[PDB]
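Reading through the structure tokens given below for one structure.
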Ligand code: CLA
Ligand code: CLA
Ligand code: CLA
Ligand code: CLA
Ligand code: CLA
Ligand code: CLA
Ligand SMILES: CC1=C(/C=C/C(C)=C/C=C/C(C)=C/C=C/C=C(C)/C=C/C=C(C)/C=C/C2=C(C)CCCC2(C)C)C(C)(C)CCC1
Ligand SMILES: CC1=C(/C=C/C(C)=C/C=C/C(C)=C/C=C/C=C(C)/C=C/C=C(C)/C=C/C2=C(C)CCCC2(C)C)C(C)(C)CCC1
Ligand SMILES: CCCCCCCCCCCCCCCCCC(=O)O
Ligand SMILES: [Fe+2]
């Protein structure tokens, strides 16, 4: 009989049951989305978007509902922290419920198409055989895609009839859903310009409508129909998989590097923001400005929003996880409660020292303190017998400005070392590790998990493209080569042109 | 009746010609002192 | 050690004390093992590429071979004609005995050296 | 529970060996 | 500068030498391809 | 005590190992190349501490 | 095969299986659009890559304001 | 040892679900013969 | 709620094992 | 089993072959030699000579640290060797 | 407007076109001259 | 019968080196990748990107020469010759690491050309395209290691450099920083490569030692004819041998040769997946249960905890010289060391 | 309406069963340590 890896080939010449299978697949995927949303709703804590945002909590579909304008629950909270909202029907819950109802309706349509497979629509009127006119179907579907792409850009993203999309400032402090005007100039190809996303869907939408009309009205050339086996539904599978893995690589990249469509309040910071000290520079910028305007050290640091300080912490860096460290980031370093303040280290001569920050590559890292010129002035030694730079010898102390420990100074060496060990991670936070029984080991963010899964699927779908493309072009020999293959045809010299029997010498 | 210049001729000399040139350059390098 | 992590321990310590990566006999071992995997995949793909059509598309092609049948189940000349054009003619075997001896000798000699 | 799980799987593989060897599909010539 | 021609001169002479010894035979090859 | 420094290495599943970390640990460096069959040990407990099973296997 | 009301309406949309335009048809025109799209993808890639740098195109989060 | 509690059910379904699939297919093959 | 953690696996196997038994017997009935 | 090109064995045992290549091969070898012995290879590729890895009292690597000023950085390094 | 890197882009675009165009010019010429006999 | 068909005719002529349409992509890209590597390993330094000598001109030998990656400061720049970094200067382009992307990118397109070649020749000759399909495994390895892996990291600097010792460095980096030996996708790769090599040796030896006597000479190679219909060795005797030696044996020649395709291809695909994970530092670095126990119980020691001590040594001792752009200064007193050593 | 003609029997021979069970059991043996973590 059929081998196990071929059971679904029974659909190749059965358009009705093919549609039934595709309906069942669509029912399952919509049902997943509804089920995942409800699970995330049942486990999400909305009480602190500053230190316990969604991306600390292992939320995966919640950010995608938020990205397109769903921000509130029927329970009265919203993800921006506003209370008393009435979102109407299109709450997180109502979106979830819609996908479940959609899944049920699709399930029933799958049954009907499975039973009533022999529809006259699927028969070639001339020959009576099942046949699909794939060139024209492409034009129809493409026209539809173009209408939807255009409508999505023109009505939803602009706010002309819809909510807009998530936009934010460059430091992810004040994001919200806002209508977005198209950017038509060259900065619309800037991945960080949200207006470009609007212009893309309007312009590409129109091009899709035009190309759709072309592909409905104009038959493919005989040369291309034969070369691409356009009578074989499997050529479509082959090219569709190629387009899909191309798309998967793109969304992996933009998730990892960041773009206007992967904001940091929904997915967490990127690793490159740690690499380039992106948030630390902005924080320093503000402290120096408060100092220029005459505020004191305590005042300048106390004006630093905790949300911005929390970005300057390596535990939110997505490149600090592990493959089998499961669950939300909160399960690792804990639920963040409060910024402890900015730690300032000085030696016994009053020189300000700086802790060398941990780079993302390192699971562990030594504690080394430097001066403004990069000279090592203190460390925690491994071998003690010949240590020159110990905290004890150098009289290192720590003082905190802003946050919970503002204005407190510590001098006892083991306490000072304890904060120095935390300062390699960036800004220092107070964590609740009891509530989730956190184990103290960094996990990655939804930005990390998304990128990982999609880059791996993309690679695997590359093989699918190769496989089904091979099957399309070599369909005649899938079961084996010709048992009467001419030995003169594979031996050298017989034919001038390889494989061409009419070029015999 | 054999041709002299062929696709084969080109592929051969595409490889062989810079190989000998590289071997002379590497041979000269053995006599460099610091 | 008789264990998985213990094996890696042995390896790491071996490299620190012998620089085995920089030893040519280990380098020959890698070529024996990389090349063995290569020629395994090559030979399997070339024979599989030239199986004579004996089944329908609803059945495993494997049922085209019967245990102990007297004729070969693939066309070696078609395999030779494909691979000799992929490289050039004289880089391809058309003696099955020579080919299978090469398949045996390459990873055996490579692994002798790394031993 | 994890010790029990590792040994269980190992024991299943040994039993599979037994059937694979002594209760194989017998190769029949031609 | 001058080192470039120094490097290139043996190659020119080699190519020039090869052209001389093969010129009559390349003639038959070319024009006989009609 | 693989290295003969009275620092035993846990190798087995019941003493806190998984399939990846578990091992039968090599015999003590204090033994060197000496033959260490069961009947050379004062007791099985000695023979297990010193890594006797490795040699047998 | 079973006829349906909806089937009869959609019938002409699935009635030209195998119909081709002769020879090469619009293949030259297609190649032109392919060439333009390639150049267009190159520009988009090299902007993102900072290999193509344009005035007033700051490829950075700081282009959010 | 403090191991992941879901590891057990994960392992059991990982074994049980694909094995049962294979067993179903085999037994129904034999009864065709 | 502080439930018994082995309850999930006990329930899962309670469903799966006899269900699979029945399905095996049913599919091989239909193919003969 | 032949595609019409002249057999290699026939070519390299032929007198005319060795008449041409006993010249072309030493010329190419001598050319490559001069590429190095004149110092041209250092200049083309930018490869430091034994005396120009470091300035005399310097022990810092001239590591490129800017992407878009990289070219200028290398040039600044090079002037500090004279 | 026309930055240095945009000029380099055009430089690179032009060079590839030249390489591609020259390459296909030679291949078409040879293929015309040395046809197969049917 | 226009220019296209005439060009098709010429490209597909049976000659000593088949060209084809795929040759147009393959031959330039393969030659340039190969010539780039030879040019770089003969003449080009890594002083300005790595602080390393790496060419025969500088005194390196075949084991230590390399075309090294660009400086970390280049990010993932394509480093085009005409790009904003090199600005058309060939000399500076070499000094900034442009030959690395040159070779990696032309190598990538060369790999595509070769796999297209496998398809093209298979279609012309009339065989099934499984050799092409098998070549997907080398491609997945090349792209995941040389392209995807550095794209997830800070720059090309951390890709592999094209050299013998530089790849050895890459192996040891992955042990010390990723604990890559502990990764089950690598372990499946290992089983596929060693299993492939096993299959290669055992199948070759089996055929050669179940040969039929088809000639009288003591050299058995001469007694085979590529057009003979008959099997040159006994499947039946081979099957009985292995059944009695090992318990099981192959009985189906088609399955055997498919399996030989299947094992090493699948192994390489699996290792590629694990390197995609390592692009994000999504490592299988630790076992949490072991770390919890070991932190609380200083008498608990496994080969797992012993290997992490080795990784920690690797990191501290190689990082300053291996990542010179970070300007790591580790005073002697912070270096992890056991007693005496 | 005729019964669907595209239906086909499916087979898994005993050797395939043995190969598949060994794959699953060895995969489980390999991954279980990481599931427990
Ligand atoms: C005014 C017109 C206008 C404007 C402003 C935009 C604006 C935009 N377009 Mg749209 N576009 C338009 C018209 C417009 N478009 C029209 C008319 C069409 C034709 C219908 C398109 C077709 C189009 C496509 C096909 C794409 C865009 C994309 C984009 C975005 C570019 C920024 C980005 O993230 O790129 C990021 C994308 C890239 C830099 C391309 C990367 C290409 C890779 C490198 C190819 C290699 C793939 C390879 C197989 C990977 C494997 C190897 C690797 C792993 C090593 C931006 C929103 C891109 C997008 O959606 O990104 C999210 C995109 O892919 N546009
Ligand atoms: C009326 C239809 C409808 C609507 C309004 C929504 C709305 C939503 N869905 Mg649901 N969904 C639906 C149908 C719908 N869904 C169906 C039918 C399925 C089953 C497949 C799903 C399955 C589903 C899943 C699995 C998930 C959602 C999610 C979401 C949310 C985010 C959407 C998003 O990010 O899109 C993303 C947009 C895209 C992927 C579009 C990219 C398309 C590519 C770029 C184009 C492909 C090529 C194209 C044809 C070429 C055009 C050429 C050009 C020239 C025009 C949002 C609330 C997410 C969520 O939060 O769930 C709770 C989520 O995870 N949906
Ligand atoms: C694209 C898919 C995707 C992504 C990126 C995420 C991402 C996330 N999910 Mg979601 N999820 C998804 C799909 C996805 N999910 C689906 C389909 C389901 C239903 C099963 C769920 C159900 C779900 C739940 C119930 C929970 C999450 C949670 C989470 C978070 C933690 C993930 C974690 O610990 O990973 C762990 C991942 C691994 C350990 C990797 C396992 C992959 C194995 C190793 C591969 C096996 C290889 C195989 C043997 C190959 C051999 C082949 C050979 C024979 C040829 C994270 C934000 C958690 C959370 O924090 O929620 C608040 C949570 O509790 N998810
Ligand atoms: C839209 C995507 C798509 C579609 C519609 C198909 C459709 C098909 N494939 Mg292709 N394929 C794809 C993607 C796709 N494939 C990809 C990405 C790859 C690379 C991994 C392949 C590799 C591939 C091979 C190598 C073969 C096929 C074959 C087939 C045919 C029979 C498949 C069958 O009976 O499976 C039966 C499968 C099962 C009974 C169980 C499989 C369970 C797997 C191992 C894991 C379980 C997956 C899980 C349930 C859901 C994962 C969802 C995740 C993707 C999000 C059918 C036409 C076969 C063929 O050509 O036959 C002539 C064949 O030999 N496919
Ligand atoms: C099949 C051949 C092939 C392929 C695929 C590549 C591919 C590549 N090369 Mg290589 N190269 C080749 C042959 C090839 N090369 C040859 C033969 C040489 C010797 C001359 C070189 C020498 C070379 C160098 C020196 C460099 C590359 C580089 C590159 C990369 C960037 C190229 C680029 O941006 O193109 C852009 C151009 C195109 C894609 C051409 C598009 C043409 C279309 C049809 C539009 C034409 C419109 C045109 C402008 C109209 C004319 C206008 C006029 C009237 C004014 C890429 C990987 C760079 C690299 O690797 O950096 C790391 C690099 O520095 N190449
Ligand atoms: C028992 C020992 C053992 C074994 C069998 C393996 C096996 C493997 N290792 Mg692992 N490794 C080991 C120990 C071992 N390793 C240890 C102890 C470490 C330390 C942590 C590592 C670290 C390690 C790393 C860091 C990597 C591997 C990788 C791999 C895979 C390499 C696949 C391959 O062929 O790439 C060969 C390369 C290719 C196939 C790419 C394309 C090659 C093209 C076709 C070349 C064409 C060249 C051209 C024709 C001309 C060249 C000629 C020129 C010489 C002049 C393979 C699964 C790699 C991997 O997992 O990849 C995903 C990888 O990156 N290993
Ligand atoms: C009938 C009906 C109804 C109902 C419906 C329902 C109720 C539905 C449901 C649905 C659902 C509720 C669904 C679900 C789904 C799910 C799914 C479909 C999932 C999947 C999963 C997967 C696929 C996964 C996988 C994996 C794993 C497991 C591991 C890791 C990795 C991965 C990810 C791969 C209503 C009333 C409406 C209406 C009327 C009719
Ligand atoms: C990059 C580049 C380029 C290119 C270049 C090229 C392409 C080059 C080539 C080059 C080459 C092409 C080279 C070669 C070399 C070679 C050599 C160097 C060899 C050596 C050898 C040896 C040493 C060996 C020996 C031996 C042994 C050991 C054993 C056996 C025997 C024998 C004898 C073989 C261009 C221009 C575009 C421009 C841009 C850049
Ligand atoms: C589709 C195929 C496209 C690939 C074509 C390869 C491009 C050929 C490379 C030729 C570029 C070399 C000259 C660049 C010199 C630029 C110097 C300068 O900007 O001053
Ligand atoms: Fe064989």
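At a glance:
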| item | result |
| --- | --- |
| Equivalent ellipsoid dimensions for region L:229-319 as semi-axes, Å, which come from the Cα gyration tensor, largest first | 47, 20, 12 |
| Cα-Cα P(r), region A:102-145, percent of pairs per 10 Å interval | 23, 31, 42, 4 |
| Proxy reagent accessibility, fewest Cβ within 10 Å first, across L:296, H:2 | L:296, H:2 |
| Alpha carbon centroid spacing (whole Å) that separates region A:92-157 from region D:1-25 | 48 Å |
| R0 of 56 Å, Cβ-Cβ distance residue G:31-residue D:4: FRET efficiency to nearest 0.05 | 0.30 |
| Three-way shape call for region G:1-51 based on the alpha-carbon gyration tensor, with the a/c threshold at 1.5 | oblate |
| Inter-part distance where region C:29-64 and region A:382-440 are each reduced to a Cα centre, Å | 61 Å |
| Beta bridge orientation in the protein assembly as shown: antiparallel %, DSSP, nearest 5 | 90 percent |
| Shielding score for C:98-109, defined as the mean number of other chain Cβ atoms within 10 Å | 6 |
| At 0.692 mPa s and 37 °C, Stokes diffusion of region J:8-80 via Kirkwood alpha-carbon radius, µm² per second | 202 µm²/s |
| Rounded, prolate or oblate (a/c below 1.5 giving rounded, otherwise prolate when a/b exceeds b/c) for region A:295-425 by Cα gyration tensor | oblate |
| Angle between chain G longest axis and helix G:27-49 axis [Cα atoms, degrees, rounded to 10] | 30 degrees |
| Cβ-based exposure ranking for J:12, H:24, F:2, in which fewest neighbours within 10 Å come first | J:12, H:24, F:2 |
| Burial order of peptide ranges A:344-352, L:8-16, L:265-273 (average beta-carbon count within 10 Å, highest first) | L:265-273, L:8-16, A:344-352 |
| Helix-derived mean residue ellipticity, 222 nm - over chain A, DSSP H n ≥ 4, -39500 (n - 2.57), to 500 | -13500 deg cm²/dmol |
| Computed over chain L: relative contact order in percent, which uses C-alpha pairs under 8 Å that are six or more apart | 18 percent |
| Scattering curve values for region A:200-245, log₁₀ I(q)/I(0), Debye with Cα scatterers, q = 0.17, 0.23, 0.27, 0.28 Å⁻¹ | -0.69, -0.97, -0.99, -0.99 |
| Convex hull per residue volume in Å³, alpha carbons only, for region A:265-316 | 71 Å³ |
| Per residue Cα convex hull volume in Å³ - calculated over region L:1-114 | 132 Å³ |
| GNM result for chain L, Cα springs below 10 Å: residue of L:124, L:34, L:147 fluctuating most strongly | L:124 |
| Region C:24-115: relative contact order in percent, alpha carbon pairs under 8 Å with at least 6 residues between | 49 percent |
| Two-decimal ratio, chain A, of alpha-carbon radius of gyration to 2.2 N^0.38 Å | 1.30 |
| Semi-axis lengths (Å, descending) of the ellipsoid that matches the C-alpha gyration tensor of chain C | 38, 19, 12 |
| The protein assembly as shown shape via C-alpha gyration tensor axes, a/c threshold 1.5 | rounded |
| Residue-averaged beta-carbon neighbours from other chains (10 angstrom radius) around A:459-466 | 4 |
| Pairwise Cα inverse-distance average, inverted: Kirkwood Rh of chain F (Å) | 11.6 Å |
| Rel. contact order, % - alpha carbon contacts under 8 angstrom, at least six apart, chain F | 36 percent |
| Cα convex hull volume per residue for chain L (Å³) | 248 Å³ |
| Shielding by other protein chains, L:318-331, mean Cβ within 10 Å | 4 |
| Peptide ranges A:222-230, L:114-122 listed from the most packed, as the mean C-beta count within 10 angstrom indicates | L:114-122, A:222-230 |
| Relative exposure of L:242, L:255, L:100, judged by other C-beta atoms within 10 Å (fewest first) | L:242, L:255, L:100 |
| Over chain G: helical MRE at 222 nm, DSSP H runs n ≥ 4 each giving -39500 (n - 2.57), nearest 500 | -14500 deg cm²/dmol |
| Region A:334-349-region L:44-88 distance, computed between alpha-carbon centres (Å) | 41 Å |
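Each value in this text was obtained by applying a stated rule to the coordinates, not by laboratory testing. No Cβ is skipped: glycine too gets one built from the backbone with ideal geometry, and neighbour counts run over all protein chains shown.
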